[PDB]
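Encoded as structure tokens, the structure appears first; notes follow it.
Derivation of every value follows stated rules applied to the coordinates shown; laboratory data play no part. In this analysis, Cβ positions are derived from the backbone assuming ideal geometry, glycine residues included, and neighbour counts consider all displayed protein chains.
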């Protein structure tokens, strides 16, 4: 993967992949299908992997439905 000895960008993320997404999440939690497509290209994931990631993170907060 994008580190030294680590996991490959499949479904599972590594520390450098997660790092990028947390920096995006901080500003805009609202990930788009278009920007998601570019995160999929560069981390070397698919769209669907990071889609799940963003939906889970937003569901952690003290909102109405879910949590």
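A compact table of results
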| item | result |
| --- | --- |
| Alpha-carbon Debye profile of the chain, log10 I(q)/I(0) at 0.11, 0.25 Å⁻¹ | -0.27, -1.14 |
| On Cα atoms only, tilt of 47-58 relative to the major axis of the chain in degrees | 40 |
| Rounded Å value of the spacing that divides the Cα centres of region 1-26 and region 41-57 | 10 |
| Sum of -39500 (n - 2.57) over DSSP H runs of 4+, divided by residues of the chain (222 nm, nearest 500) | -14500 deg cm²/dmol |
| The chain, relative contact order [Cα under 8 Å, separation at least 6], % | 26 |
| Ordering of 58-64, 4-10 by burial proxy (mean other Cβ atoms within 10 Å per residue, highest first) | 4-10, 58-64 |
